[PDB]
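Report on one structure; see the data block that follows.
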Amino acid sequence: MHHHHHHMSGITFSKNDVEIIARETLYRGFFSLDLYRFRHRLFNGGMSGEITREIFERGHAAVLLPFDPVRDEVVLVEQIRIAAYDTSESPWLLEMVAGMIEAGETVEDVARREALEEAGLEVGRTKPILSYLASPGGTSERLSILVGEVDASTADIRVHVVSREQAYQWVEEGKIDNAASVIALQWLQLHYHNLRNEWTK
Amino acid sequence: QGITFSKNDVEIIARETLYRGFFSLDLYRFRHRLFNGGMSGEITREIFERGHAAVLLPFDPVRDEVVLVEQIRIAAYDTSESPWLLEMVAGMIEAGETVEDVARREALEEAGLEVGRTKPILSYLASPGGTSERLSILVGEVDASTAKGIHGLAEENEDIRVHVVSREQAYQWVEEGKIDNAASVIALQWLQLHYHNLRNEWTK
Ligand SMILES: Nc1nc2c(ncn2[C@@H]2O[C@H](COP(=O)(O)O)[C@@H](O)[C@H]2O)c(=O)[nH]1
Ligand SMILES: Nc1nc2c(ncn2[C@@H]2O[C@H](COP(=O)(O)O)[C@@H](O)[C@H]2O)c(=O)[nH]1
Ligand SMILES: [Mg+2]
């Protein structure tokens with residue numbers, strides 16, 4: 001069909017449209033700094049020349065929003081995140097439960113495990129929220145968020161229990177400003193009414 | 001309620017460059033107060049340093065439309081169906097610049113868009129266990145009928161396609177996983193929570 005014209009044939013291109021020529025690990029410690037060399041299709045029709053990009057590689061994470069549907073409360077975990085220091089009033093952040101996903105593990109298994117270990121919470125039902133790329137211009141990291149049913153009365157890390165409304169107001173005010181928690185709590189603000197009905201049936 | 005400790009309670013002893021390239025990886029060495037009442041020992045953490053960004057959600061309040069930009073993000077490759085992503089206009093904030101200056105410049109360079117009024121959405125840490133990066137999101141008033149075509153600086157090997165969707169369509173794409181990068185998810189969830197008042201404010 002080479003005589004067929006271009007017009008006779010969401011996003012435009014797939015993995016068939018990129019060639020990763022080479023990968024190198026330039027730094028290996030707890031995390032890695034990798035270098036990708038690749039060429040890719042251009043929107044105008046041609047192929048790019050070879051492009052090189054640095055990629056921060058630290059694996060991928062499972063995240064759990066602990067929500068008590070009886071009490072309309074969320075459980076937050078506080079701990080120091082030194083990387084926040086230079087742009088934040090304090091490096092101690094209020095966050096969701098989270099942990100790295102190891103080979104062959106599922107998001108749900110990690111989320112449930114971490115909820116018990118960080119916050120001492122037994123999780124009942126879970127539902128997916130969303131899975132997102134934290135900052136794909138520079139890091140490969142993907143984080144997959146679930147909401148988990150908890151009894152908030154049963155709640156170096158410190159555990160905080162607050163109303164959903166307070167937690168969301170802290171997002172609005174900038175007092176909760178890490179991506180995983182912002183995404184989870186915005187989702188909860190959009191979905192809590194149906195979720196509470198589903199989980200208190 | 002709220003957090004327990006402040007910058008009075010942590011000392012950064014030193015920082016060491018582990019990798020110096022286009023971006024950097026630094027080792028922070030620090031000590032900090034513990035919730036149990038003591039002081040930690042010396043802690044180290046590897047931190048990815050890549051500066052900070054301004055992000056623009058281009059929203060047409062008359063048409064209830066959103067402008068997205070499509071381009072390859074190779075880091076997405078290993079965990080995504082395709083490394084081409086649908087994203088918000090964005091760019092790095094250089095020394096002395098304002099978030100608005102960058103957002104307006106990138107809106108023109110990445111999408112061919114002039115911007116009218118602007119309002120903050122939220123400023124967030126992308127992944128603060130391992131990177132310092134902060135991204136500050138604005139919503140910008142645009143005429144989505146002027147958003148079309150292929151943009152980006154060809155010299156910088158930047159190849160960007162503009163897409164226009166309705167707001168409801170963009171949000172549906174978030175729900176379905178077709179838009180799954182933090183900046184766009186945060187911006188579009190915010191828009192779902194605020195569009196009624198924002199359209200009223202900008203169509204008066
Ligand atoms: N050499 C080099 N340039 C980069 C890298 N990441 C981004 N850039 C440059 O940053 C600009 C676009 O960055 P973006 O906003 O798409 O993340 C282009 O000038 C591009 O060449 C990298 O890892 N290495
Ligand atoms: N112990 C330690 N872990 C580090 C360092 N830099 C990065 N990490 C990573 O951070 C992980 C702990 O993350 P956290 O549990 O604090 O969210 C470690 O398991 C390790 O992979 C470092 O200097 N020391
Ligand atoms: Mg740009």
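Labels for the structure tokens follow display order: chains A, B, ..., residues from 1 in each chain, ligands from 1.
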10 Å shell around ligand 3 using only C-alpha atoms and all ligand atoms, listed as a list in words
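The distance check yields residues 89, 90, 91, 92, 102, 103, 105, 106, 107, 108, 109, 110, 111, 151, 152, 153, 156, 158, 159 and 160 of chain B.
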Let me see if you get this right: every residue at most 8 Å from ligand 2, counting only C-alpha atoms and all ligand atoms, written as an mmCIF file with N, CA, C and O atoms, in the first residue's frame.
```
data_model
loop_
_atom_site.group_PDB
_atom_site.id
_atom_site.type_symbol
_atom_site.label_atom_id
_atom_site.label_comp_id
_atom_site.auth_asym_id
_atom_site.auth_seq_id
_atom_site.Cartn_x
_atom_site.Cartn_y
_atom_site.Cartn_z
ATOM 1 N N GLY A 29 24.497 3.376 43.283
ATOM 2 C CA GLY A 29 24.597 3.342 44.728
ATOM 3 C C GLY A 29 23.316 2.745 45.264
ATOM 4 O O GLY A 29 22.901 1.664 44.841
ATOM 5 N N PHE A 30 22.652 3.438 46.178
ATOM 6 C CA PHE A 30 21.302 3.012 46.534
ATOM 7 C C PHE A 30 20.354 3.202 45.359
ATOM 8 O O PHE A 30 19.508 2.339 45.088
ATOM 9 N N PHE A 31 20.482 4.320 44.661
ATOM 10 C CA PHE A 31 19.779 4.599 43.423
ATOM 11 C C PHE A 31 20.781 4.575 42.274
ATOM 12 O O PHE A 31 21.971 4.347 42.462
ATOM 13 N N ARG A 58 15.190 4.651 40.399
ATOM 14 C CA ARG A 58 15.084 4.259 41.800
ATOM 15 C C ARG A 58 13.994 3.208 42.008
ATOM 16 O O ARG A 58 13.490 3.058 43.129
ATOM 17 N N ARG A 81 11.982 14.169 55.164
ATOM 18 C CA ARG A 81 12.379 13.947 53.770
ATOM 19 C C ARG A 81 13.348 15.089 53.468
ATOM 20 O O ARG A 81 12.929 16.195 53.107
ATOM 21 N N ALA A 98 3.777 4.186 51.939
ATOM 22 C CA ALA A 98 4.365 3.830 50.657
ATOM 23 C C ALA A 98 5.598 2.962 50.851
ATOM 24 O O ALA A 98 6.282 3.051 51.873
ATOM 25 N N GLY A 99 5.886 2.152 49.830
ATOM 26 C CA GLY A 99 7.104 1.356 49.809
ATOM 27 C C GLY A 99 7.470 0.902 48.413
ATOM 28 O O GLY A 99 6.649 0.906 47.490
ATOM 29 N N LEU B 27 24.813 13.601 47.749
ATOM 30 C CA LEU B 27 24.634 12.941 49.032
ATOM 31 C C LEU B 27 24.449 14.007 50.106
ATOM 32 O O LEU B 27 25.350 14.820 50.336
ATOM 33 N N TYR B 28 23.288 14.011 50.759
ATOM 34 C CA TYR B 28 23.087 14.877 51.908
ATOM 35 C C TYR B 28 23.497 14.094 53.153
ATOM 36 O O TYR B 28 23.093 12.937 53.321
ATOM 37 N N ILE B 43 22.956 10.624 59.231
ATOM 38 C CA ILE B 43 22.177 9.967 58.192
ATOM 39 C C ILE B 43 22.699 10.475 56.858
ATOM 40 O O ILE B 43 23.084 11.648 56.739
ATOM 41 N N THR B 44 22.719 9.600 55.857
ATOM 42 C CA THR B 44 22.945 10.028 54.487
ATOM 43 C C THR B 44 21.770 9.640 53.601
ATOM 44 O O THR B 44 21.104 8.622 53.822
ATOM 45 N N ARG B 45 21.533 10.469 52.587
ATOM 46 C CA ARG B 45 20.555 10.166 51.548
ATOM 47 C C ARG B 45 21.059 10.666 50.205
ATOM 48 O O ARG B 45 21.552 11.791 50.099
ATOM 49 N N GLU B 46 20.883 9.835 49.176
ATOM 50 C CA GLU B 46 21.133 10.228 47.795
ATOM 51 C C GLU B 46 19.935 10.997 47.263
ATOM 52 O O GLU B 46 18.805 10.516 47.352
ATOM 53 N N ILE B 47 20.187 12.167 46.678
ATOM 54 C CA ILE B 47 19.138 13.089 46.248
ATOM 55 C C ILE B 47 19.406 13.540 44.814
ATOM 56 O O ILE B 47 20.465 14.107 44.516
ATOM 57 N N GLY B 129 11.251 11.680 48.651
ATOM 58 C CA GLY B 129 12.190 10.732 49.226
ATOM 59 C C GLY B 129 13.501 10.652 48.461
ATOM 60 O O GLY B 129 14.513 10.224 49.023
ATOM 61 N N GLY B 130 13.503 11.041 47.188
ATOM 62 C CA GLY B 130 14.688 10.890 46.374
ATOM 63 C C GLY B 130 15.064 12.031 45.458
ATOM 64 O O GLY B 130 16.143 11.981 44.866
#
```
Do you know which residues are within 12 Å of ligand 1 using only C-alpha atoms and all ligand atoms? Can you write them as an NGL selection string?
(:A and (33-38 or 50-56 or 135-139)) or (:B and (20-24 or 50-55 or 69-75 or 84-85 or 87-93 or 102-103 or 106 or 109-110 or 152-160))
At a cut-off of 6 Å, can you tabulate as CSV every residue of chain B near chain A together with its closest atom pair and the distance in Å to one decimal, using only C-alpha atoms and ordering rows by chain then number?
```
residue,atom,partner,partner_atom,distance
B:6,CA,A:90,CA,5.0
B:7,CA,A:90,CA,5.6
B:73,CA,A:137,CA,5.8
B:75,CA,A:140,CA,4.6
B:76,CA,A:140,CA,5.6
B:82,CA,A:14,CA,4.9
B:124,CA,A:177,CA,4.7
B:125,CA,A:178,CA,4.7
B:126,CA,A:179,CA,5.3
B:128,CA,A:83,CA,5.6
B:129,CA,A:81,CA,5.6
B:131,CA,A:83,CA,5.9
B:132,CA,A:83,CA,4.5
B:180,CA,A:132,CA,4.6
B:181,CA,A:133,CA,4.6
B:182,CA,A:134,CA,5.3
B:186,CA,A:183,CA,5.9
```
Nearest-residue call for residue 149 in chain A, choices A:201, A:64, A:163, A:95, using only C-alpha atoms
A:64
Based on the backbone DSSP call, show me all residues of range 38-196 of chain B assigned strand (DSSP E or B), as a PyMOL selection string.
chain B and resi 39+43-49+53-60+65-72+84-87+89-92+118-125+131+134-141+150-151+160-166+181
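The residue that comes closest to residue 113 in chain B, out of B:202, B:48, B:35, B:59 and on the basis of only C-alpha atoms, is B:59.
Taking CA of residue 136 in chain B as the reference point, CA of residue 204 in chain B is found at 26.6 Å.
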If you count only C-alpha atoms, which residues fall within 7 Å of residue 62 in chain A, apart from same-chain ones fewer than 6 positions away, as a ChimeraX atom specification?
/A:98-101,107,110-111,143-145
Selected residues, N, CA, C and O atoms, written as a short mmCIF file (atom, residue, chain, number, x, y, z; two decimals), in the first residue's frame, please.
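So again05.cif came out as:
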```cif
data_model
loop_
_atom_site.label_atom_id
_atom_site.label_comp_id
_atom_site.auth_asym_id
_atom_site.auth_seq_id
_atom_site.Cartn_x
_atom_site.Cartn_y
_atom_site.Cartn_z
N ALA A 98 3.78 4.19 51.94
CA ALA A 98 4.37 3.83 50.66
C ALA A 98 5.60 2.96 50.85
O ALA A 98 6.28 3.05 51.87
N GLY A 99 5.89 2.15 49.83
CA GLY A 99 7.10 1.36 49.81
C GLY A 99 7.47 0.90 48.41
O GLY A 99 6.65 0.91 47.49
N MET A 100 8.73 0.51 48.26
CA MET A 100 9.21 0.03 46.97
C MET A 100 8.60 -1.32 46.65
O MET A 100 8.38 -2.16 47.53
N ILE A 101 8.35 -1.55 45.36
CA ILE A 101 7.86 -2.83 44.86
C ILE A 101 9.07 -3.64 44.40
O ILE A 101 9.82 -3.20 43.53
N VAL A 107 1.34 -4.54 43.76
CA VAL A 107 1.07 -3.27 44.42
C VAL A 107 0.27 -3.50 45.70
O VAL A 107 0.58 -2.95 46.77
N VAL A 110 2.34 -4.98 48.66
CA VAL A 110 3.24 -4.01 49.27
C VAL A 110 2.45 -2.97 50.06
O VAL A 110 2.82 -2.61 51.18
N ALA A 111 1.36 -2.46 49.48
CA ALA A 111 0.58 -1.44 50.16
C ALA A 111 0.06 -1.95 51.49
O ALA A 111 0.16 -1.25 52.51
N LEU A 143 4.49 5.39 40.55
CA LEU A 143 3.88 5.12 41.84
C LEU A 143 2.43 4.74 41.60
O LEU A 143 1.72 5.45 40.89
N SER A 144 2.00 3.65 42.22
CA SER A 144 0.65 3.13 42.05
C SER A 144 -0.08 3.25 43.38
O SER A 144 0.35 2.65 44.37
N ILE A 145 -1.17 4.03 43.39
CA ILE A 145 -1.90 4.38 44.60
C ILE A 145 -3.15 3.54 44.71
O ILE A 145 -3.93 3.43 43.74
#
```
Name the residues in contact with residue 150 in chain A at a cut-off of 10 Å, using only C-alpha atoms, excluding same-chain residues fewer than 5 positions from it; report them as a VMD selection string.
chain A and resid 65 to 71 73 to 75 115 121 to 126 155
Just list as a list in words whatever in range 97-170 of chain B DSSP marks as helix (DSSP H, G or I).
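DSSP on the backbone gives helix (DSSP H, G or I) at residues 99, 100, 101, 102, 103, 104, 105, 106, 107, 108, 109, 110, 111, 144, 145, 146, 154, 155, 156, 167, 168, 169 and 170 of chain B.
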For residue 192 in chain B, work out the shell of residues within 9 Å, counting only C-alpha atoms and skipping chain neighbours fewer than 2 positions away, then give it as a PDB file with N, CA, C and O atoms, in the first residue's frame.
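Result written to selection12.pdb:
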```
ATOM      1  N   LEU A 190     -12.941  13.944  45.260  1.00  0.00           N
ATOM      2  CA  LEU A 190     -13.843  13.688  44.146  1.00  0.00           C
ATOM      3  C   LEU A 190     -14.672  12.418  44.316  1.00  0.00           C
ATOM      4  O   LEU A 190     -15.728  12.298  43.684  1.00  0.00           O
TER       5      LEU A 190
ATOM      6  N   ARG B 167     -12.691  19.655  28.744  1.00  0.00           N
ATOM      7  CA  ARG B 167     -12.289  19.363  30.113  1.00  0.00           C
ATOM      8  C   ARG B 167     -12.757  17.975  30.532  1.00  0.00           C
ATOM      9  O   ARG B 167     -11.984  17.191  31.102  1.00  0.00           O
ATOM     10  N   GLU B 168     -14.023  17.645  30.268  1.00  0.00           N
ATOM     11  CA  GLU B 168     -14.528  16.344  30.689  1.00  0.00           C
ATOM     12  C   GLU B 168     -13.748  15.220  30.023  1.00  0.00           C
ATOM     13  O   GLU B 168     -13.460  14.195  30.653  1.00  0.00           O
ATOM     14  N   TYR B 171     -10.362  14.859  31.767  1.00  0.00           N
ATOM     15  CA  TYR B 171     -10.511  14.182  33.046  1.00  0.00           C
ATOM     16  C   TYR B 171     -10.797  12.699  32.860  1.00  0.00           C
ATOM     17  O   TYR B 171     -10.246  11.866  33.592  1.00  0.00           O
ATOM     18  N   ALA B 187      -3.135  18.802  38.087  1.00  0.00           N
ATOM     19  CA  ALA B 187      -3.793  19.951  37.480  1.00  0.00           C
ATOM     20  C   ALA B 187      -5.231  19.632  37.106  1.00  0.00           C
ATOM     21  O   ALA B 187      -6.132  20.453  37.315  1.00  0.00           O
ATOM     22  N   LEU B 188      -5.463  18.462  36.504  1.00  0.00           N
ATOM     23  CA  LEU B 188      -6.797  18.136  36.008  1.00  0.00           C
ATOM     24  C   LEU B 188      -7.742  17.718  37.125  1.00  0.00           C
ATOM     25  O   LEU B 188      -8.941  18.019  37.063  1.00  0.00           O
ATOM     26  N   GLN B 189      -7.240  17.068  38.182  1.00  0.00           N
ATOM     27  CA  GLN B 189      -8.079  16.853  39.358  1.00  0.00           C
ATOM     28  C   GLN B 189      -8.463  18.181  40.001  1.00  0.00           C
ATOM     29  O   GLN B 189      -9.624  18.388  40.380  1.00  0.00           O
ATOM     30  N   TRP B 190      -7.504  19.103  40.100  1.00  0.00           N
ATOM     31  CA  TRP B 190      -7.823  20.428  40.618  1.00  0.00           C
ATOM     32  C   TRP B 190      -8.895  21.079  39.756  1.00  0.00           C
ATOM     33  O   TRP B 190      -9.876  21.640  40.268  1.00  0.00           O
ATOM     34  N   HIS B 194     -12.587  22.690  40.736  1.00  0.00           N
ATOM     35  CA  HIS B 194     -12.681  24.144  40.746  1.00  0.00           C
ATOM     36  C   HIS B 194     -13.257  24.774  39.483  1.00  0.00           C
ATOM     37  O   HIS B 194     -13.393  26.004  39.434  1.00  0.00           O
ATOM     38  N   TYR B 195     -13.624  23.987  38.476  1.00  0.00           N
ATOM     39  CA  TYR B 195     -13.975  24.575  37.184  1.00  0.00           C
ATOM     40  C   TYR B 195     -15.208  25.460  37.266  1.00  0.00           C
ATOM     41  O   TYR B 195     -15.301  26.451  36.538  1.00  0.00           O
ATOM     42  N   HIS B 196     -16.186  25.103  38.094  1.00  0.00           N
ATOM     43  CA  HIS B 196     -17.412  25.895  38.128  1.00  0.00           C
ATOM     44  C   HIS B 196     -17.116  27.336  38.524  1.00  0.00           C
ATOM     45  O   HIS B 196     -17.543  28.283  37.849  1.00  0.00           O
TER      46      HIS B 196
END
```
